Amino acid sequence: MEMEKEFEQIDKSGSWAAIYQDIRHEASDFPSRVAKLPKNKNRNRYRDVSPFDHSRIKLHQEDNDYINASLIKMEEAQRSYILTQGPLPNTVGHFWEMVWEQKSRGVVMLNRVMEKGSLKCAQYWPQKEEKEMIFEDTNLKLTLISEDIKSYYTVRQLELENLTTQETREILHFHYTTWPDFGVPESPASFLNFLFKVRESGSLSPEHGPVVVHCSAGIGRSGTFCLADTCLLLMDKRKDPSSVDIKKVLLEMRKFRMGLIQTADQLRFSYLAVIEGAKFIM
Ligand SMILES: C[C@@H](O)CNC(=S)N[C@H]1C[C@H]2CC[C@@H]1C2
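Residues numbered from 1 in each chain as written, not as in the entry; some residues may be left out. Heavy atoms only, no water.

As recorded in the entry header, the structure was determined using X-ray crystallography to a resolution of 1.8300 Å.

As structure tokens, then:
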């Protein structure tokens, strides 16, 4: 079926939970043996969210190459994304090591450091120009260059220096600051405006390594971001945009990381975002 009318048909019939449970039943199951090794327990935020072995990102280190991060490679859309958990106190250096080694231009953050009165990820970037951060375990330096605070999101320019080679690179930090502590946004308008800002920066384009996207677990809000982007790109590329099947695209993405889209409300929000986004594109 088309999307917008499939949408109203699920609303009128109130069957979002049944649609979402079908997706969960059909999703891929692949091994995640490296994630479950005992030496990696303090590298995982949640025991039930792990990268598959076949698609995990490897650090270029011979001691321990493990990080909780997956490469989602979308062949028809010609987009790649790295989805990862919010960094932990003992993985902030690994996180920036990955950004460096994978040649990413942009980092997309969809959570606040504290939500619901608890810590959802480490404070992994500097908040003042004159107070830079040094990660001694991976030999990197990170400096805040500039910061632009808007009503729904903040953009930061950062300098990442590899202290071993003295090479430097400019990294863009796109921080969506207004996702509600509970539920999903009422309108997708500000999320779509944010996605377009990331696109306009060049961070999603083939002349750079894959964008790094995270929330707390790296599967819920993060899944919404890449699902909406890929679906909109396919609607632009194909002769018949109504052929784009968001449930099929989601199942393809779940071949590369488990659990993408965590609730039926996130599924409905993803439909809403693609539907509204397709009207603005034209
Ligand atoms: C006519 C409908 O079945 C549309 N099919 C779609 S959108 N397939 C997608 C799933 C993954 C593999 C191919 C694309 C990305």
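**Q** What's the story with the UniProt feature "binding site: substrate" in the protein chain in this structure? I'm lost.
**A** Within this structure's numbering, the places UniProt gives as "binding site: substrate" are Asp181, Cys215, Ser216, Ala217, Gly218, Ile219, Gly220, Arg221 and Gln262. Of the annotated set, the members that line the largest pocket are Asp181, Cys215, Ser216, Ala217, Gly220, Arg221 and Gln262. Counting through the fold element by element, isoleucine 219 comes out in the loop between β11 (211-214) and α5 (221-237). Judged by its relative accessible area of 6%, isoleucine 219 is buried. In this structure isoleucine 219 touches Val49, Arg257, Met258, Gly259, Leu260, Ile261 and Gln262, once residues within four positions along its chain are discounted. (UniProt positions renumbered as here; feature names shortened; annotations may be inferred. 1 Å grid on protein atoms, 1.4 Å probe; cavity = no way out; pocket = protein on both sides within 12 Å on 5 of 7 lines; lining within 4 Å. Helix = DSSP H or I, 4+ residues; strand = E, 2+ residues; numbered from the N terminus. Buried < 20%, exposed > 50% of the residue type's maximum accessible area, 1.4 Å probe, protein only. Contact = heavy atoms within 4.5 Å.)

**Q** Can you help me understand the pairing of strand β8 (residues 140-149) in this one?
**A** Side-chain positions along a regular strand alternate between the two faces of the sheet. Across three bridges, the pairing between strand β7 (residues 133-135) and β8 is antiparallel. By the bridge assignment for β8, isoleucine 134 is matched with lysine 141. Between the antiparallel neighbours β7 and β8 lie four residues, among them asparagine 139 with a positive phi of about 60 degrees. Sheet analysis places β8 next to strand β9 (residues 153-162), joined by nine bridges and oriented antiparallel. When the sheet's bridge partners are listed, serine 146 is paired in β9 with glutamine 157. Connecting β8 to the antiparallel partner β9 that follows it, the hairpin turn spans three residues. (Pairing = 2+ DSSP bridges.)

**Q** What should I look at first to understand the site of the ligand in this one?
**A** As a matter of local geometry, the ligand sits amid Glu76, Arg238, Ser243, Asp245, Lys248, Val249 and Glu252. One of the side-chain N or O atoms of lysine 248 is found 2.3 Å from an oxygen atom in the ligand. Protein burial of the ligand: of its 420 Å² of free accessible surface, 65% is covered by the chains. Grouping the constituent residues of the shell around the ligand by class yields one nonpolar, one polar and five charged. (Near = heavy atom within 4 Å. Polar contact = N/O pair within 3.5 Å; in protein donor to acceptor, adjacent residues only side chain to side chain. Areas by Shrake-Rupley, 256 points an atom, 1.4 Å probe, with all protein chains shown as cover. Nonpolar A, V, L, I, M, F, W, Y, C, P; charged D, E, K, R; others polar.)

**Q** What should I look at first to understand the sheet that holds β8 in this one?
**A** Backbone-to-backbone hydrogen bonds pair the strands of a sheet. The strands run either parallel or antiparallel. Taken in spatial order, the nine strands line up as β1-β2-β3-β11-β4-β10-β9-β8-β7 in an open sheet, and their pairing is mixed. Single-partner strands in this sheet number two, and they are β1 (56-58) and β7. Each strand axis lies, on average, 30 degrees off the axis of its neighbour in the sheet, ignoring direction. The pairing of strand β2 (residues 66-74) with strand β3 (residues 79-84) spans six bridges and is antiparallel. Each bridged residue has a counterpart across the sheet, and for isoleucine 72 the counterpart in β3 is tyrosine 81. Sitting on the sheet, helix α4 (residues 189-200) touches β3, β4 (106-109), β9 and β10 (167-176), and the angle it makes with β10 is about 165 degrees. (Axes fitted to C-alpha atoms, helices over the stretch in contact; angles between N-to-C directions.)

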